[PDB]
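Here is the structure we will look at.
Every residue, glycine as well, gets a Cβ built from its backbone with ideal geometry; the counts of neighbours run over all protein chains shown. Derivation of every value follows stated rules applied to the coordinates shown; laboratory data play no part.
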Ligand SMILES: CCC1=C(C)/C(=C/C2=NC(=C\c3[nH]c(/C=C4\NC(=O)[C@H](C)[C@H]4CC)c(C)c3CCC(=O)O)/C(CCC(=O)O)=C2C)NC1=O
Ligand SMILES: CCC1=C(C)/C(=C/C2=NC(=C\c3[nH]c(/C=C4\NC(=O)[C@H](C)[C@H]4CC)c(C)c3CCC(=O)O)/C(CCC(=O)O)=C2C)NC1=O
Ligand SMILES: CCC1=C(C)/C(=C/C2=NC(=C\c3[nH]c(/C=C4\NC(=O)[C@H](C)[C@H]4CC)c(C)c3CCC(=O)O)/C(CCC(=O)O)=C2C)NC1=O
Ligand SMILES: CCC1=C(C)/C(=C/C2=NC(=C\c3[nH]c(/C=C4\NC(=O)[C@H](C)[C@H]4CC)c(C)c3CCC(=O)O)/C(CCC(=O)O)=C2C)NC1=O
Ligand SMILES: CCC1=C(C)/C(=C/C2=NC(=C\c3[nH]c(/C=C4\NC(=O)[C@H](C)[C@H]4CC)c(C)c3CCC(=O)O)/C(CCC(=O)O)=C2C)NC1=O
Ligand SMILES: CCC1=C(C)/C(=C/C2=NC(=C\c3[nH]c(/C=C4\NC(=O)[C@H](C)[C@H]4CC)c(C)c3CCC(=O)O)/C(CCC(=O)O)=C2C)NC1=O
Ligand SMILES: CCC1=C(C)/C(=C/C2=NC(=C\c3[nH]c(/C=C4\NC(=O)[C@H](C)[C@H]4CC)c(C)c3CCC(=O)O)/C(CCC(=O)O)=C2C)NC1=O
Ligand SMILES: CCC1=C(C)/C(=C/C2=NC(=C\c3[nH]c(/C=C4\NC(=O)[C@H](C)[C@H]4CC)c(C)c3CCC(=O)O)/C(CCC(=O)O)=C2C)NC1=O
Ligand SMILES: CCC1=C(C)/C(=C/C2=NC(=C\c3[nH]c(/C=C4\NC(=O)[C@H](C)[C@H]4CC)c(C)c3CCC(=O)O)/C(CCC(=O)O)=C2C)NC1=O
Ligand SMILES: CCC1=C(C)/C(=C/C2=NC(=C\c3[nH]c(/C=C4\NC(=O)[C@H](C)[C@H]4CC)c(C)c3CCC(=O)O)/C(CCC(=O)O)=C2C)NC1=O
């Protein structure tokens, strides 16, 4: 651990006040749980939903697929919380989500994907990012998934879902990278400067 | 988990006897109620916090075994 | 709102897949079922005034004391609000009939019903009585599948109220 | 496996809440659909042998190269395995027709299809076009709702293979 | 991409610790291997066109059918795309040699290989054959440790495809 | 515990893939530095008796006051504890030398160091300057690769203490 | 953001999403009674701060002769000034904690970040332990009754966390 | 999210009034043509891989610059993400065609799509071209008559065309 | 998880003493055989799909009732599970071979496999047959002298034989 | 996170071409001098507490206003945070020194640090001064000729100075 964190300095959000049923039931996110793990097709749907929630449906590739966590989940030796934490502490998650972003945008993405709610304000990104800066995103992921808010909202057997009417999905608004220059890409104005390898009616 | 700590995982048997049921009824059920007994496996590094969590939840543990050594 | 088609779309999107065979079959069932439901909703729409008036009367009959001064139902405005509330309930029932799902009902009346009634000291038994009487009449106004749809949605509202 | 009634019961138990209107009425629609589906399954199971042999030389027709030596199609036991596989596909199509859901075909074919095909180097296009042949043959074998049901289950299998 | 040094740095950073002795020994192991690996990369770059065309012709020999009209390998555009793809594979293998880590391959070729090959109906076997040809010619073209490194990376690509 | 090849296997198991070029390169980069580290371990083992003394008397020179009566270092049993502690420290430095990784040192010294020092009122500066003496004398007892290995392990233990 | 009685009450009420039950008001009223001896101790401690600080510095020197000789931390006029300043800080936050009727000031200002800072500057906790024990001995004389115990609680808390 | 029935209900509720008999007649006509609508949705669903494959082939013939090194579909990962976006858009279009109301696109798919693509550095005109190419490929499969009773469905063709155009305009 | 050097460290720390001359000499002798061992583990890795493919082919050639309807590996899901089990067994055997110590494999892969197989009803003796077939193919691919310098490798073959045998015994 | 090798690979890929012979020569030279590079990174790592303590002593002797009540490093929490930030920046500079490219430092440490300090009310000029003091303390240890083979490490010194300068400039 180390020093205590700063103040949370809350803000008014729908999740903070949710005594009343949401407006639309079909827009309520599916609360996937342990009883989904017993079937086979249900287990596949749960695994897909976990990858969509954490990896965001574009990182669902056969190369990004965590085989061992899926096997452990199939056995029942693994809690859903532990499956989520293992997806967080994975080489794909780091290499695709942590690396493009600063600590702060990574914190925002992690709040939206593990806790299901957008940050209260920038000072929350600031207060959370020091856990990364000082202990690694591994300890940050453990801090989120073992935190009080995660234990209250989802628990050990529920898969995180966005605590928002879902008519405004999180993955659409937040890509894994935003407004950075990529070393493997090329600026939009630039043109390819290399072999053409063919002449198709230019 | 590379070190000797991450090895020697421990299986834990938890019973949700009436003490746990009273706490869950007063606080409320955020998830559907499950069966009484389950064997739950933990590494050494998360052993102590997990018994803290179970004891706080009021559940009484039945059995603990060392999967490794 | 919650609807057969809307649940189809939500379930498909949750698993990130296209609308498969069974899901289209559910949609087809809804499209077939629409005709009896629309006729039942139209029949309730014509008879809205007699139904709401009689429902207010039934509430007053089974609950005589509220009519007496010093109680909730006494007063001309409270009776106007009798008519307005029962009109709301009947209108939302017809909305559910047309939508072929309890989505409108939970959207408008059911969600938040309990604490609204508690805060305004509105006894749910009044509305249970009125809805039972509308159930009795819609037994007469409708026959066949349409009667079943109407009674289904009215009994859903009844369970929610109780 | 997974079917409409299985989905209804599993969903209702997951919420721990009785079968509401939409679950009842989806089960209703399934019960009407049960009539053409069983007849379609009958019509398919009558003609299994002719369908399987037609399909296998359909394979060898559009892929002549498999039958050359050193390729997968060459060999007698290899073609026997082909016939067994096509029989499996037809049996599971019939199973899905009876169950009114792709659940049987999903759990018994689609589950881990890709890695199994890659392990034994079984090129899927063989099976897509075998199911295309079955699709064409049931296009004349069946008629009406039974036909459209068989076509949709074969389409689901083909989409899964692709 | 991902190399030895980047693995070291990422592993240190995920625990929020300074680089200790184990990481530096791994880095030294990389820096000492760099000389044979860069020699292998230089040799493979020198032999661009011979290796690429030989691999394309090897693919054509092992799959004579693909060059027939109505197949994938027919037409000048498709053959040009074949040459381009094998050039991509060779380029990324040399990138992996220089990086002394399978990062260039894993990030550029492998990640998304199955999805793209399945969408465009490309056969992994064509590339496995081409890479086996490249592997064979590497033994002639490289001697000593450089050959071992190049074979390691080509083997990783072949295992990824299959 | 933790070594270089231990981290190899651990990261391979985390990524869930077969051992690749990067971590096999790391393994042989470990094995090449294995024998200078073994020579370092042997040389440090031969001289253990002189070092344990030299260290404890160096500690006494650095902190004259701890020896004086009414303090903690006073007492023959406390002296023996001094010698035992230094023996443990250099033993685990030898183990880290043998295993080519700070894992044994980590596990058997660094894990829980601070709170042990806190509860028993042990001053870490004592062991920091004891290891400083040990580092100074290994400055002459070894030379070359073995000396670098011993120096790195001693300095890492010092940083852990401080 | 201090962790005092009233703040704990309101935080545990808000966490549960409910009004203040009677028990919480009971605890608040206990704190309001308790404030009077606490303010008395804070007054009788701030009034005599200078004697306490001088005595604490001298007591640390008496218990630790070796810090004074050259080549040590204590040698130096500026180091003497920083002695007095540090002990004045501790005393000031003890008085703050007395006023606030909690440990909130100590935890927030002294206790949080203590060990890293001491390690970075190589300050021995035993120096401040001795100084605070001296202050405890004196506030035995300065105060009496409930206020004495109330001051000793916070001095003890600071000593325990220095350990 | 609203289908056509829920949209009419919402309008009537805003007016605070029962549904008109003309509104009920409109909803009845929609329900009656629902079987043709289901065939349209199934035509999109079953032929989806063909639609995406054809759209990709045409797009990467037109814009080679995307598949050249440094392009935005260059490495296998970015090409797979391209194909995934194409199937996502086609899937939401089928959703909207089923519901009869394009609320699904605006809510879930197109709420902030252009901002996201600009954040990712994706050429948005090329995404719009891909959507138009899926529309062109999908009209062919929708107009197919094999194994379905011949009938008049130009209304559904116009509906699918406007959903694709709405998505393309919202992206671009 | 331990390696052979960590094993010796464990015994030495248990006894309190340091590493003896014999122990240190044996560890150095193993260490100079490290570059010896990397070639074996690389041969296991680079040919792993081939090893598992031939092992599965032979296993299903000698046993037929497994793929038979009602068999353990009959549906695609269970056949894929079988292939994945062979995958993981070979991977952990290679891990152990590089480590030189049985601790990693026995602790992580082999600890709870037999009980899980008993619970699932899978025949464990068939798994044993599969792992012997995997051993056979592993020797086949190890003994190949192509692309590597000629030398004496009997110790590595013997240790790998022991490793495969103990894995088979544990599963059985 | 790119090292010099990965940076060269990425530029070569953007050009769509193999690595030129001159680039291979530069990378071979980098690999040859990697031994001295490892010595430098080890010197930074093994003296981190000393570097931080020296920089802190200088900084708070020079800038007394921080350690006063109402200063930014007054209570123990803020002083501890100051030292922690210095250790973080030193850690990332050592990462960059090992990698040979400052991409890691910019991406993971400095990318949004100035606005974070502004949001926290921290004098960024003082943080830049602290980083310069760390630079001086680290250059004292890097140039330690004792305990290492003697050689020309001017290039490594210049790189380390450039990373410290770039940190300081990006912060303030
Ligand atoms: C979603 C549709 C909807 C419903 C159904 C609804 C019920 C409703 N009826 C109300 C008024 C009222 N409702 C009643 C009860 C009626 N009058 C009594 O005489 C009868 C026993 C009974 C008829 C069955 C009364 C007495 C009032 C006026 C005073 C009060 O609310 O306490 C109010 C409080 C608003 C106000 O007048 O200040 C609500 C929320 N509100 C809605 O927005
Ligand atoms: C990251 C590196 C990378 C690779 C490796 C890659 C492979 C690749 N090859 C493609 C086209 C192709 N590539 C081939 C190659 C075939 N030609 C002959 O038949 C051979 C048998 C065989 C090669 C061994 C063919 C036929 C196509 C056209 C596919 C189509 O349009 O249907 C395409 C589709 C994009 C396009 O239309 O050009 C990809 C993604 N793309 C990449 O960005
Ligand atoms: C919130 C309350 C608070 C405390 C308690 C605190 C302790 C503290 N004392 C310091 C200086 C110091 N303080 C001492 C105290 C020692 N001098 C010896 O004669 C005595 C045995 C002993 C005191 C009785 C010394 C020696 C230093 C100088 C350390 C150095 O510069 O290396 C410093 C370094 C700041 C600077 O001088 O620039 C801190 C952080 N800081 C705070 O903000
Ligand atoms: C709600 C439905 C939904 C949509 C529509 C959607 C679009 C979408 N596409 C993405 C990636 C992408 N999308 C594309 C699409 C382009 N490829 C070519 O350039 C074409 C011109 C064009 C497609 C026809 C590409 C290349 C990427 C990868 C860029 C990257 O990973 O950096 C991402 C970033 C997600 C991530 O990186 O993890 C989003 C949010 N996301 C959604 O959740
Ligand atoms: C598994 C889910 C399911 C489906 C898919 C389904 C389709 C379906 N299509 C039908 C006829 C039809 N289908 C169509 C639509 C076609 N006409 C062509 O020209 C167009 C290319 C195409 C529209 C895209 C038409 C026009 C009819 C005649 C009925 C009518 O016009 O209302 C019918 C009425 C029975 C008949 O007379 O054939 C059904 C039930 N039913 C289901 O339960
Ligand atoms: C659940 C239902 C089910 C299916 C569908 C199924 C397919 C299937 N067929 C197999 C055998 C096979 N099947 C084929 C068939 C191909 N070769 C030619 O005959 C045809 C052109 C073509 C078929 C269209 C071949 C070649 C093999 C053996 C592969 C080999 O030995 O390399 C195998 C592997 C068994 C073994 O290799 O011992 C599977 C998993 N298995 C199942 O349990
Ligand atoms: C510690 C690392 C690890 C291991 C060792 C491992 C093995 C493993 N194999 C499993 C299933 C299985 N494995 C098999 C394989 C058998 N079928 C027979 O034909 C073959 C002879 C034999 C294979 C050699 C089968 C049939 C199943 C599924 C049993 C069932 O569904 O009831 C399962 C249950 C989890 C699941 O598949 O969802 C595990 C855990 N998984 C791991 O993560
Ligand atoms: C990057 C990963 C890596 C590999 C692959 C590697 C292999 C490797 N094998 C070597 C020699 C050798 N390799 C072998 C092993 C072979 N002898 C028989 O042919 C067996 C079939 C086979 C065992 C599987 C032997 C016996 C030697 C010579 C032993 C000696 O030089 O002392 C050498 C030193 C001399 C040279 O070949 O240039 C290396 C570096 N080292 C590495 O760091
Ligand atoms: C990995 C890149 C990275 C870094 C480095 C980083 C630093 C960082 N410094 C912080 C506060 C701070 N930073 C400082 C340091 C300054 N104050 C002193 O005057 C000095 C001049 C100077 C240090 C040399 C202080 C005192 C605070 C505490 C502010 C407070 O507690 O309110 C905080 C948030 C508050 C917290 O939880 O402690 C962060 C996240 N964040 C990152 O994502
Ligand atoms: C386990 C981690 C590790 C360490 C500690 C390590 C140190 C190390 N330094 C070496 C030489 C060297 N070391 C240095 C560095 C020094 N030059 C100046 O004095 C500077 C003060 C200082 C660096 C800033 C230089 C310049 C060489 C000579 C390099 C050569 O011969 O090419 C050598 C090769 C022995 C030789 O050439 O005779 C090693 C192994 N290597 C490692 O893998």
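At a glance:
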| quantity | calculated |
| --- | --- |
| Förster-model FRET efficiency, 56 Å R0, residue B:25 and residue F:120, C-beta, rounded to 0.05 | 0.75 |
| Cα gyration tensor shape of segment D:35-162, rounded if a/c is under 1.5, else prolate or oblate by comparing a/b with b/c | prolate |
| Taking G:39, A:54 and counting other C-beta atoms within 10 Å, the order from fewest to most | G:39, A:54 |
| Relative intensity, log₁₀ I(q)/I(0), of segment A:66-202 from a Debye sum that treats every alpha carbon as a point, q = 0.12, 0.18, 0.21 Å⁻¹ | -0.58, -1.07, -1.38 |
| Cα gyration tensor shape of segment F:1-102, rounded if a/c is under 1.5, else prolate or oblate by comparing a/b with b/c | prolate |
| Relative exposure of E:22, D:67, C:45, judged by other C-beta atoms within 10 Å (fewest first) | D:67, C:45, E:22 |
| Global geometry of segment J:1-41, whether rounded, prolate or oblate, following the gyration tensor of its Cα atoms and the 1.5 cut on a/c | oblate |
| Nm distances between copies for residue J:25, ranked from closest, using label points 7 Å along Cα→Cβ | 5.1, 8.8 |
| Nearest-ten-degree value, helix C:48-62 long axis tilted from longest Cα axis of chain C | 50 degrees |
| Cα→Cβ-extended label distance, 7 Å offset, between residue A:190 and residue I:25, nm | 6.1 nm |
| Cα-based helix-to-principal-axis angle, I:34-46 vs chain I, degrees rounded to 10 | 10 degrees |
| Acute angle (nearest 10 degrees) that the helix C:76-99 long axis makes with the longest principal axis of chain C, alpha-carbon atoms | 10 degrees |
| Model label zone, residue A:43; criterion: amide N under 20 Å from point 7 Å along Cα-to-beta-carbon; scope segment I:103-118 | I:109-118 |
| Euclidean distance between Cα centres, segment A:90-146 to segment B:5-69, Å | 28 Å |
| Mean-position separation - Cα centroids, segment I:1-34 and segment C:24-48, in angstrom | 81 Å |
| Residue order, fewest to most surrounding Cβ atoms within 10 angstrom, among C:154, C:110 | C:110, C:154 |
| Inter-label distance, nm, simple model (7 Å from Cα along the C-beta direction), residue E:140/residue A:156 | 6.4 nm |
| Cα centroid separation - segment C:100-126 against segment F:67-128, whole Å | 71 Å |
| Förster radius 45 Å - calculated FRET efficiency between residue C:79 and residue D:14 (Cβ-Cβ, nearest 0.05) | 0.50 |
| Calculated FRET efficiency for the pair residue H:165/residue H:32, C-beta based, R₀ 25 Å, to 0.05 | 0.45 |
| Kirkwood-based Rg to Rh ratio, the protein assembly as shown, C-alpha trace | 0.99 |
